[PDB]
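Quick notes on the structure that follows.
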Ligand SMILES: O=C(Nc1ccccc1)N1CCN(C(=O)c2ccco2)CC1
C-alpha cells in the first residue's frame, strides 16, 4: 500500500468520526475567551478540530505527522487548563485522545512506509 497521498482522505474520514463523537463537543471550535478570560495566560497556541480540518482542506499540511502534532496540542491544552484530572472536559479529552491514537497509528505507518518505498532505489 504505497500511495504517498492516501493519508489526506484517511485524515478527513477520521475527523468526520471525531465530529460524530459526543466527546469532541468541547473541542469542535476555538475556546471561548469570554467564558475563559485567563485561557491565553496559560495557553500560548490554542487549537481545535475546526482549525485542523480547515488547515487540511487548505492544503497546508504536508504530512499526517503535522496534523497529528496539532491534534495532540488540543489534548495537551485541555490538560494544561484543567483544575483537576477529575474534570468533565479533561475526562472527555482523554477518551477522545485514546480514540484518535487508535485510528491515526495505521495512517502514520502507511504514510512512512510509502515514503520509504519511494526512496527505495
Ligand atoms: O470553551 C471551551 N470550548 C468551547 C465550547 C463551545 C464554544 C466555543 C468554545 N472550552 C473550555 C476550555 N477547555 C478545556 O479544555 C477545559 C478543561 C477544563 C475546563 O476547560 C476547552 C473547551
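Residue numbers (the deposited numbering): 1315 to 1435.
Built from N, CA and C at the ideal position, the CB exists for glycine as well.
With a 10 Å radius around its C-beta and 16 neighbouring C-beta atoms as the bar for buried, classify residue i as buried or exposed.
i, result
"residue 1362", "buried"
"residue 1350", "exposed"
"residue 1316", "exposed"
"residue 1431", "exposed"
"residue 1262", "In the structure as shown, the chain starts at 1315 and stops at 1435, and residue 1262 therefore has no counterpart that could be examined."
"residue 1331", "exposed"
"residue 1378", "buried"
Can you name, in chain order, every residue of its own chain whose Cβ lies under 7 Å from the Cβ of residue i, other than the five neighbours on each side?
i, result
"residue 1357", "1391, 1394, 1395"
"residue 1337", "1406, 1409, 1410"
Taking the Cβ atom as the reference point for each residue, do residue i and residue j lie within a distance shorter than 8 Å?
i, j, result
"residue 1413", "residue 1335", "yes"
"residue 1318", "residue 1422", "no"
"residue 1400", "residue 1364", "no"
Leaving out the 5 sequence neighbours to the left and right, which residues in its chain are closer than 8 Å to residue i when beta-carbon positions are compared?
i, result
"residue 1397", "none"
"residue 1347", "1353, 1354"
*If you scan the stretch 1391 to 1435 from start to end, which runs of the alpha helix (DSSP H) of 4 or more residues do you find wholly inside it?*
1402 to 1432
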